[PDB]
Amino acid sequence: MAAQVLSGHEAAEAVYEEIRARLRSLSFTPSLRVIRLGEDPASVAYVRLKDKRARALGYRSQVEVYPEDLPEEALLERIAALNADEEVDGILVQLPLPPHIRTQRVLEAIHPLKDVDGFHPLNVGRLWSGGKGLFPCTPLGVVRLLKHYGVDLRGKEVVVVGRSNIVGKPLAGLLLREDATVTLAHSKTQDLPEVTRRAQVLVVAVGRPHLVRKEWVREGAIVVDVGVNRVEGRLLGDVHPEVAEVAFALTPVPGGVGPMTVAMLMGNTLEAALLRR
């Protein structure tokens, strides 16, 4: 009766196995540059985990830490230098950027073929137009996770709660490519629980700890919890654990989506490399 726990580590390992296999069939090794401004503790931990996993795979991985007060003109110069550096395959800027820096301007400076996070408007535009490109890592990880665990998304009623550029909107675009029926909900949706109750697959990316209660969830739903809420030294999802009483399967926090986000960044780094070479 109780919900299965959709572990991200098991699904991420299948991605990592695919990556290791493809590397042997390659002359070179992919090279990832991660840029961080300042010392935000959540930012420090995230990049340390991206770097650690890239290196564990055998990538050339390098974190470039700058002071918080780096001028945006210096950031753009560095990115241009890395765009031209033919030995760098992937360029990643850790968000959030400090307020004196125009984030859109920085992201649009990254060359689209090195844009492993998929935020460049050319990659966004390729995603929604049906073409090839580098797409955002959490949405890729959510789609891959669902397909790993045997969900046939064709014809499924999917509700996505949250409409950010990092998760909800590229997620909605990727789910349409799997022929799902997609509802994008957000903070101005009225009677949100009634909207979510329709979902056979419910994906929540809002950043409110345990916001989603069991009355919001359809019996037998597949629930994917993207939230990562630091609360009392713990990590809390956006979905209340009581949802395991109603859902057929539920993503744990931590260890659900999070591992898949890292895995697909490693996969986007390979892809960016092969798209150039």
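Start at 1 and count along the sequence shown; that's the residue number.
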Greater mean Cα temperature factor according to the PDB record, 199-207 or 97-105: 97-105
Going by the average Cα B-factor in the PDB entry, point out whether 260-268 or 14-22 comes out higher. 14-22
Highest CA temperature factor in the entry: which of 88, 172, 140, 134? 88
Modelled-residue ranking by C-alpha temperature factor, third containing residue 58: middle
Assigned third (lowest, middle, highest) for the C-alpha B factor of residue 225: lowest
Ranking the modelled residues of this chain by C-alpha B-factor as given in the entry, is residue 71 in the lowest, middle or highest third? highest
Binned into thirds over the chain's modelled residues, the C-alpha B-factor of residue 179 lands in the lowest
Tell me, lowest, middle or highest third: where does the Cα B factor of residue 45 rank within its chain? middle
